[PDB]
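Following: one structure in structure tokens, then a few remarks.
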Protein chains: 6
Amino acid sequence: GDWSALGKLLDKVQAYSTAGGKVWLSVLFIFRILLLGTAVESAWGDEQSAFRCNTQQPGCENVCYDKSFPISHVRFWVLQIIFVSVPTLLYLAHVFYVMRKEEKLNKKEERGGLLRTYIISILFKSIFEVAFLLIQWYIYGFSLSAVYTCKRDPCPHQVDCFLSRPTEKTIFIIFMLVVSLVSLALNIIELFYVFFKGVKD
Amino acid sequence: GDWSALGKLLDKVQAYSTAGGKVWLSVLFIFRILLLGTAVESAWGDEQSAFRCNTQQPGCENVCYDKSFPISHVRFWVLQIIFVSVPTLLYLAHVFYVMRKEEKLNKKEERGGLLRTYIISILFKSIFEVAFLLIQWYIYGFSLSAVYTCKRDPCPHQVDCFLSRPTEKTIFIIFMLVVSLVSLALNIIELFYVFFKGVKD
Amino acid sequence: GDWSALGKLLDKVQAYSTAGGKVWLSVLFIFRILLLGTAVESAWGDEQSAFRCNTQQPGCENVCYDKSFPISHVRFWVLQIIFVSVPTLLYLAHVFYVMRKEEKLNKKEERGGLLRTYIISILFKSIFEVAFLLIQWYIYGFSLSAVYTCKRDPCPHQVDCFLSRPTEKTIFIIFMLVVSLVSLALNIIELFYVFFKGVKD
Amino acid sequence: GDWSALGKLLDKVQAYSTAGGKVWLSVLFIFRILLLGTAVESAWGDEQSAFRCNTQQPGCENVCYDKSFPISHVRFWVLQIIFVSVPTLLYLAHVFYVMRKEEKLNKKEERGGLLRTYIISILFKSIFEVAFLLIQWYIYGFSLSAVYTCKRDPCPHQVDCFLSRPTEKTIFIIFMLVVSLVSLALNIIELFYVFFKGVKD
Amino acid sequence: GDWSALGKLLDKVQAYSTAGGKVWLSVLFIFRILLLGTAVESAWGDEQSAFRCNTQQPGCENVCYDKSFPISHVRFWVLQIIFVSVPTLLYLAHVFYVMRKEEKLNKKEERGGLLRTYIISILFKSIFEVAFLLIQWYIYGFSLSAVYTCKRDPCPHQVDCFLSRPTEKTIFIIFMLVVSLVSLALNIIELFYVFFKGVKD
Amino acid sequence: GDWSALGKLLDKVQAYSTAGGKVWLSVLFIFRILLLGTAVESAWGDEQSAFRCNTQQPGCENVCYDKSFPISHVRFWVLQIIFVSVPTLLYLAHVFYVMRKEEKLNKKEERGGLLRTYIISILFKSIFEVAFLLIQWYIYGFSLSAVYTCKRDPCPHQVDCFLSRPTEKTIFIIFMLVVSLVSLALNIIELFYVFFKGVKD
Ligand SMILES: CC(C)CCC[C@@H](C)[C@H]1CC[C@H]2[C@@H]3CC=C4C[C@@H](OC(=O)CCC(=O)O)CC[C@]4(C)[C@H]3CC[C@]12C
Ligand SMILES: CC(C)CCC[C@@H](C)[C@H]1CC[C@H]2[C@@H]3CC=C4C[C@@H](OC(=O)CCC(=O)O)CC[C@]4(C)[C@H]3CC[C@]12C
Ligand SMILES: CC(C)CCC[C@@H](C)[C@H]1CC[C@H]2[C@@H]3CC=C4C[C@@H](OC(=O)CCC(=O)O)CC[C@]4(C)[C@H]3CC[C@]12C
Ligand SMILES: CC(C)CCC[C@@H](C)[C@H]1CC[C@H]2[C@@H]3CC=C4C[C@@H](OC(=O)CCC(=O)O)CC[C@]4(C)[C@H]3CC[C@]12C
Ligand SMILES: CC(C)CCC[C@@H](C)[C@H]1CC[C@H]2[C@@H]3CC=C4C[C@@H](OC(=O)CCC(=O)O)CC[C@]4(C)[C@H]3CC[C@]12C
Ligand SMILES: CC(C)CCC[C@@H](C)[C@H]1CC[C@H]2[C@@H]3CC=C4C[C@@H](OC(=O)CCC(=O)O)CC[C@]4(C)[C@H]3CC[C@]12C
């Protein structure tokens, strides 16, 4: 029977949030982490072993693979999720510490103080997710072709290379895209609601 | 001695369900997850290493494997199970939050409100499972042959490829099919019972 | 100090069982699962990598391996153990739920009802284990030879193939066989005892 | 504060044992399991990949490896340790159940009964460990040579094969041998003490 | 309900630290360990398997790889993080032991004593992190080129070698660099604050 | 709230030890185990796969590798740490059992007894660590060269072999050496202190 303080912190951290938004956002986060950890990781098990190019020059395949894939999508998604998860942890730690400070102050002596930080965290999450989506659109796009052309030294003129299981990777990319879009929509809806309620004072 | 609240939530979430259906559905879910995680995963350990085609052109085997298997069945099953498991988690979280809200309201002051969401969750589970079954029937069918014909560029005209342990994969596919059929039958029986009882008011 | 209810359920679920049979069956189950998970799994680490056939035709080894081994014994044993473990879990869940229902009924108001299901579970376990043993006898037998003859297309006429470490696999097969025989004997002894006691009323 | 019953069972199960023998036997068991699980397992990581024979006939190396090593020592040690650990678990379960039965009997009503089983367990442990040691002496001996001669079909006349890191395996075999000898000595000392005390009545 | 002593130790160990610095430093440490353990480790999965040099002499690639990479960056980062984490653990253990000693002393009898050690720990952390950064700058720099020249025996004159995915490794190196810079800035800010407050007495 | 007995045992087992030595020794042990388990294990991931010798005779590389490395350093370090950790566990178990015996004796009835064993454990730890260090100095030394000469049958006259990443292994060997030296110094300081205090009576 030592769950009262945890419940108190949980209910105090959810003051200004919508009744429905909490469950949707939590289950979306859980779905994202489960999908990232369970099966999509094995799809990128063989990123370079099965990658072959049609040439005889040794060492050309390494540089061609480097140029084709500047960074694997799995680690990009990991960075995205950790960067969208950090601000909530910061907010939780800050509110926990200030609550303990207030508890000590009231034990010894037996708007905007919190909403501003909440809005800052929400806008940071939104801007980070939209920036990551824009970067992914700019670098890789949202389609993969099984044939790639490589024109980097020391490979002569042009060479051809083939990827592995492009359809599966494309499907998973689309899934991550739609999940991120849903997350952005939920965050912007929450921000609109809180701002609309704050206008009415 | 901190299990009273968990038991209260567990008994409150099982209000309108049948006496017998709960145990059957729970053990079916446990059997499905155990079978998916324990042994069937190792059967797909070598999906592309042992896959060989009878040709000398480099790079043809990659595209032939891509065309033969647009998506591995294991990850399809993982997506199916997570999509049929999410709505129950949503329902549980929603009922937990509303119960906490009612507890706070009654502490400070010392049909269809829930059945509609229950029916929505049941119908969502049924439609998702039947849609996944229909998609699996449409794409892969329910039989695998050890010999496949590939007619994709840059392979000349037609080439032949061989899979690995098709009989074992076919057996596991049939097992998953019958498990899904049992799940659908249980869900439709529960829906029929609850609707029949609701007709009598 | 929250183990009283678990102990109550444990002692209530063991009403009609013999004093000695409980420990023997439990330790047999633990021994079986430990042996299956600890060391025998590594013996089947290389099932197809070390399997070689004496031919030059590409792709013949895959179909020959498929025909030689329709299904690996490890996954067959996993299916057998899960199918002999499910009915006990069903019985436990059912008795737990009915006990909670009776507790609620008696709180608000401050033979064959269970033996039939017990006998059904025992007979189901016995019939499933004997069926699995019969299937294993019919398909694989209980001996493995290091040399196998393959006569399947597209391999010409007949080819020869060699397995790996047949003696170790044979020893483990014999071990699993004797364990299953002991389990069947214990189950039939329990059934005989309970029926003999029920005859005397 | 729910450790009183566990302590009661622990002190009741250690009635007739020596004051010093308990700690020595327990730490010996812990040392054995830690050594088996931590580092010696990796030494047998490459049992067949690095095993090479000096021939050109395909498939001869498989049968030669099978004949050279009928069973890996690691799994033999696992079987030995599980077979010497089971009887103590049986004794603990039996004494726990009879203690619960006596507790229920005394709640409702508010030598050789145990020593015989104890001696049976001790003698079973001793006979099993000595039998395993004798079998290991009879089959593998206690020395490994880096060169082995194979005279099994279909290899012509005689062929030569080489093992991997024989010195390390020999050292670990000697370590397991001395640990087993210490265990046997401790068990026989305990049996001698208990019999000598029982003679005096 | 056994968390009071842990909370007491946690609040006593955070006496002289800033209100804001605690959460920032803790979340920075958590982010660092999560990034090190989650995804960056897999990027160095193939450090030597994919490393190829353009030559025919056997054994030259080993020495060229040894000369190119005196030590992998992952283990260097592990050493850095463990060396910057040890002093805080030492401080925590020391304060815990002295608090227990004082508790015993006061039970039986029913500035600079701690700040000096705190400052020592802070300066040790700062000097260790700056030393590690300087060493990394001196040895590897902060850029990797896909082509390397090797001039070590027994390779004739000069040979060329190619690395793998240099861009990803460079990105992760930059990430670790900026994280370390942030950590150093936070530590120096904390030291400046505590010294400035100690000047005023 | 069930930590009082554990704290009592912890404070009673630390009677004669120095105030400062406890934390230093504990953190040294934690650092050693963390370093052994975290990163140094992966450095020996490829001990035999990358080891190549300049010859054409099959099977010579196996015996040359066996002669070059009689035993891997990682398992030697594991044996060293387990052998220096066992005596403390023995002392803890013995003091726990005698404390329980005294508690039972005083409940029913409502120098050198411990220091000798403490000194025995300390001297055993010191002698074991110094013996392991001497053995490591005698067998492997403290330096590794990338080129090794092999003169064992059936290799003709002399052959040359190359190791992998010798610099990293040398650095880790030096690290383990200095850690062991620090441990020996701490143990001898503790022994000197306790003997000096015991002289004064
Ligand atoms: C070992 C794990 C399984 C449990 C211990 C860690 C948890 C207490 C932490 C880790 C990650 C946290 C989550 C990280 C991100 C978010 C998104 C966050 O989104 C919001 O709705 C914004 C803040 C709010 O409205 O509460 C809600 C909290 C949540 C689910 C956090 C809840 C608390 C979690 C589960
Ligand atoms: C770490 C794990 C082992 C325990 C912590 C998580 C559990 C509390 C959750 C995770 C998955 C949940 C299950 C996911 C899906 C379902 C199907 C669901 O199906 C129904 O019968 C519909 C709803 C109902 O009638 O209760 C019943 C609840 C159950 C078993 C859930 C029960 C609660 C579970 C076990
Ligand atoms: C995470 C694990 C280690 C603990 C949580 C799960 C256990 C509470 C369950 C899982 C598997 C169950 C076992 C599965 C099969 C059987 C065989 C069954 O056989 C019988 O004797 C028939 C029924 C009876 O007489 O009780 C006895 C119960 C037992 C050991 C079950 C006891 C309860 C177990 C250990
Ligand atoms: C998950 C694990 C770490 C804890 C849960 C299981 C333990 C409660 C069991 C598992 C294995 C058991 C051990 C298996 C074998 C033995 C040898 C046995 O040898 C004897 O001295 C004979 C019997 C006696 O004199 O008590 C003593 C008990 C012991 C250590 C057992 C003690 C209880 C153990 C640790
Ligand atoms: C099994 C794990 C997940 C929990 C058990 C171990 C923790 C109790 C320890 C392990 C590592 C420790 C951390 C290691 C390093 C630091 C940095 C340290 O930096 C400071 O702010 C300096 C000291 C202070 O101001 O408190 C703060 C404590 C913290 C987070 C420690 C807090 C306590 C931790 C989490
Ligand atoms: C699952 C693990 C993380 C916790 C359960 C096991 C611990 C209770 C044991 C396992 C290893 C033990 C350690 C092994 C070796 C030593 C060295 C030993 O060195 C001394 O200072 C000598 C004895 C003393 O002065 O106390 C101190 C105790 C300690 C840290 C032991 C403390 C208790 C430990 C952590």
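Ligands are numbered from 1 in the order shown, chains are lettered A, B, ... in the order of the structure tokens, and residues start at 1 in each chain.
Near chain C, the residues of chain B that fall inside 7 Å (using only C-alpha atoms) are residues 1, 23, 39, 52, 54, 162, 164, 165, 167 and 168 of chain B.
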Write out, as a tab-separated table, each residue of chain B that has an atom at most 9 Å from ligand 2, together with the closest pair of atoms and their distance in Å to one decimal, counting only C-alpha atoms and all ligand atoms, rows going by chain and rising number.
residue	atom	partner	partner_atom_place_in_ligand_line	distance
B:10	CA	ligand 2	26 (O)	7.7
B:11	CA	ligand 2	26 (O)	8.8
B:13	CA	ligand 2	26 (O)	5.8
B:14	CA	ligand 2	26 (O)	5.1
B:15	CA	ligand 2	25 (O)	8.0
B:16	CA	ligand 2	25 (O)	7.8
B:17	CA	ligand 2	25 (O)	5.5
B:18	CA	ligand 2	25 (O)	8.2
B:21	CA	ligand 2	21 (O)	7.1
B:22	CA	ligand 2	21 (O)	5.1
B:23	CA	ligand 2	21 (O)	7.9
B:24	CA	ligand 2	21 (O)	8.4
B:25	CA	ligand 2	21 (O)	5.6
B:26	CA	ligand 2	30 (C)	4.6
B:27	CA	ligand 2	30 (C)	7.9
B:28	CA	ligand 2	30 (C)	8.9
B:29	CA	ligand 2	30 (C)	6.5
B:30	CA	ligand 2	30 (C)	7.7
B:84	CA	ligand 2	15 (C)	8.1
B:85	CA	ligand 2	15 (C)	5.1
B:86	CA	ligand 2	14 (C)	7.6
B:87	CA	ligand 2	15 (C)	8.4
B:88	CA	ligand 2	23 (C)	5.5
B:89	CA	ligand 2	14 (C)	6.4
B:91	CA	ligand 2	23 (C)	7.8
B:92	CA	ligand 2	23 (C)	8.0
B:118	CA	ligand 2	23 (C)	7.9
B:121	CA	ligand 2	22 (C)	8.2
B:122	CA	ligand 2	22 (C)	7.4
B:187	CA	ligand 2	21 (O)	8.7
For this session: Per DSSP on the backbone, filter region 2-198 of chain F down to the residues in strand (DSSP E or B) and report them as a PyMOL selection string.
Result: chain F and resi 52-53+147-150+159-162
Exercise. Within 8 Å of residue 163 (chain A), counting only C-alpha atoms, which residues qualify if same-chain residues fewer than 2 places away don't, as a ChimeraX atom specification?
Worked result: /A:50-52,145-148,161,165-166 /B:62
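Across the structure, atom 18 (C, counted along the ligand's line) of ligand 5 and CA of residue 113 (chain E) are spaced 19.5 Å apart.
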May I have the residues within 9 Å of residue 194 (chain D) as a CSV table (one decimal) with N, CA and C atoms, in the first residue's frame, using only C-alpha atoms and disregarding those fewer than 2 positions away in the same chain?
chain,number,residue,atom,x,y,z
D,16,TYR,N,18.3,-32.2,10.5
D,16,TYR,CA,19.4,-33.2,10.8
D,16,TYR,C,20.7,-32.9,10.2
D,17,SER,N,20.8,-31.9,9.4
D,17,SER,CA,22.0,-31.6,8.7
D,17,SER,C,23.1,-30.9,9.6
D,18,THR,N,24.3,-31.1,9.3
D,18,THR,CA,25.4,-30.5,10.1
D,18,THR,C,25.4,-29.0,10.0
D,119,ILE,N,17.6,-39.6,4.1
D,119,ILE,CA,18.7,-40.5,3.8
D,119,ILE,C,18.5,-41.0,2.3
D,189,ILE,N,30.4,-37.6,3.7
D,189,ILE,CA,30.7,-37.1,5.0
D,189,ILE,C,29.4,-36.9,5.8
D,190,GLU,N,28.4,-36.2,5.1
D,190,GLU,CA,27.1,-36.0,5.8
D,190,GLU,C,26.4,-37.3,6.1
D,191,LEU,N,26.4,-38.2,5.2
D,191,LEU,CA,25.8,-39.5,5.4
D,191,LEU,C,26.5,-40.3,6.5
D,192,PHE,N,27.8,-40.3,6.6
D,192,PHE,CA,28.5,-40.9,7.7
D,192,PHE,C,28.2,-40.3,9.0
D,196,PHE,N,26.3,-42.3,11.9
D,196,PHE,CA,27.0,-42.4,13.2
D,196,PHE,C,26.2,-41.9,14.4
D,197,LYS,N,25.5,-40.8,14.2
D,197,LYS,CA,24.6,-40.2,15.2
D,197,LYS,C,23.4,-41.1,15.4
D,198,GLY,N,22.9,-41.7,14.4
D,198,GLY,CA,21.7,-42.5,14.5
D,198,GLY,C,22.0,-43.9,15.2
D,199,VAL,N,23.2,-44.3,15.1
D,199,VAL,CA,23.6,-45.6,15.7
D,199,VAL,C,23.5,-45.4,17.3
For this session: Could you find all residues in region 79-163 of chain B that DSSP calls alpha helix (DSSP H) from the backbone, and write them as a PyMOL selection string?
Result: chain B and resi 79-108+115-139
Would you mind exporting C-alpha atoms of the selected residues as a short mmCIF file (atom, residue, chain, number, x, y, z; two decimals), in the first residue's frame?
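Output file result-v7.cif follows:
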data_model
loop_
_atom_site.label_atom_id
_atom_site.label_comp_id
_atom_site.auth_asym_id
_atom_site.auth_seq_id
_atom_site.Cartn_x
_atom_site.Cartn_y
_atom_site.Cartn_z
CA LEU B 79 0.44 -6.35 -36.71
CA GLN B 80 -2.81 -8.33 -36.61
CA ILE B 81 -2.45 -9.23 -32.94
CA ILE B 82 -1.46 -5.71 -31.89
CA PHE B 83 -4.39 -4.24 -33.84
CA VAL B 84 -6.83 -6.67 -32.22
CA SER B 85 -5.32 -6.00 -28.78
CA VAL B 86 -5.31 -2.18 -28.83
CA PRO B 87 -9.10 -1.57 -28.47
CA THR B 88 -9.34 -3.56 -25.24
CA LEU B 89 -6.49 -1.51 -23.77
CA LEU B 90 -8.28 1.68 -24.82
CA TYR B 91 -11.48 0.49 -23.15
CA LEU B 92 -9.62 -0.43 -19.96
CA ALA B 93 -7.83 2.92 -19.78
CA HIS B 94 -11.05 4.84 -20.41
CA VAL B 95 -13.01 2.96 -17.75
CA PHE B 96 -10.14 3.34 -15.27
CA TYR B 97 -9.99 7.10 -15.80
CA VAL B 98 -13.75 7.58 -15.54
CA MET B 99 -13.82 5.43 -12.40
CA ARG B 100 -11.11 7.59 -10.83
CA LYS B 101 -13.07 10.71 -11.82
CA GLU B 102 -16.23 9.34 -10.20
CA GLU B 103 -14.27 8.38 -7.09
CA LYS B 104 -12.91 11.93 -6.80
CA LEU B 105 -16.38 13.39 -7.37
CA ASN B 106 -17.96 11.23 -4.67
CA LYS B 107 -15.05 11.90 -2.29
CA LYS B 108 -15.50 15.67 -2.66
CA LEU B 115 -22.25 -0.57 -23.19
CA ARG B 116 -21.97 1.55 -26.34
CA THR B 117 -18.18 1.70 -26.09
CA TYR B 118 -18.08 -2.03 -25.31
CA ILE B 119 -20.06 -2.86 -28.45
CA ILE B 120 -17.89 -0.48 -30.49
CA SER B 121 -14.75 -2.26 -29.28
CA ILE B 122 -16.21 -5.70 -30.02
CA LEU B 123 -17.26 -4.74 -33.55
CA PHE B 124 -13.89 -3.10 -34.20
CA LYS B 125 -12.10 -6.29 -33.14
CA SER B 126 -14.34 -8.41 -35.36
CA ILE B 127 -13.99 -6.18 -38.42
CA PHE B 128 -10.22 -5.89 -38.04
CA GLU B 129 -9.70 -9.64 -37.70
CA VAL B 130 -11.97 -10.44 -40.65
CA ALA B 131 -10.24 -7.78 -42.77
CA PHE B 132 -6.82 -9.22 -41.95
CA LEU B 133 -8.02 -12.72 -42.80
CA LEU B 134 -9.45 -11.51 -46.12
CA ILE B 135 -6.20 -9.71 -46.97
CA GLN B 136 -4.16 -12.81 -46.17
CA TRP B 137 -6.45 -14.91 -48.36
CA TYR B 138 -6.17 -12.39 -51.19
CA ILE B 139 -2.38 -11.98 -51.14
#
